[PDB]
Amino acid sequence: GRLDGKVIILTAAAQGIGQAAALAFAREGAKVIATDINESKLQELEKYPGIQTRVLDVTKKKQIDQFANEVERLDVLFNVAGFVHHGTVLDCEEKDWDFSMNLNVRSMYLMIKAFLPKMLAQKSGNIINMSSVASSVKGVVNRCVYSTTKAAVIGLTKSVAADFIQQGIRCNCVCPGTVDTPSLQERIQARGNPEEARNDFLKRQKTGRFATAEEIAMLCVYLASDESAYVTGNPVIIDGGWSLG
């Protein structure tokens, strides 16, 4: 397996990209600690060899620190947790702004701050953060606070990469286009005409399809593996040509 010997911790693992990653990591021989707030859905992964699960709300610092004190070592941290708000800056009220900033960015700060010292004591570690093309990468309509947080993810990634490169740490982030996940389906259904919302989303995608969560996972495998040891400080795009032009 491409990840033999690796201990990997991830968040938001119960469905979507996190689930697919958890499964993909485990199949490649990793020791996976898969976390989510949704305990009943999460515990489904316990049936898969190589995966152990734990309930974790990434907005709760007390929860995070206690979890960190339980973990002996890790090789990889994959911060997946994030919410996609629909709206422009005018559509974003204070509670939407804060909710996204807390879940999407503060979460990563708290996870990295709890887990990075373990990596530093072993002079080795790898941190993968979930960003988006809707970010500093490009402008995307109706995604104000999302794009703002997802840009923030890139800043945080490059910061960590620069600060700890000489202590054996790498840090990268993943920037997908549209991925067929349960939340995407929720966002389609939430529209006034879902039949039509599905077509706006496909418009971005000149190949005529969304990415699968598995495809996103296989990039995370590459970035988790020693194959990519020489890759750090990058937003890796996986967008089906959306940001291309």
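Just count from 1 along the sequence shown to find any residue number.
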task = Take the C-alpha B-factors listed in the entry for 199-207 and for 185-193, compute each mean, and give the stretch with the larger one.
result = 199-207
key: Within-chain third of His85 by Cα B-factor, per the entry   = lowest
key: Third of the chain, ranked by Cα B-factor, where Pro49 sits   = highest
request  = Could you look up the Cα B-factor of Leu42 in the entry and say which third of the chain it sits in: lowest, middle or highest?
outcome  = highest
key: Cα B factor band for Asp75 (lowest, middle or highest third within the chain)   = middle
ask   = Lowest, middle or highest third: where is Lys113 by C-alpha B factor in its chain?
value = highest
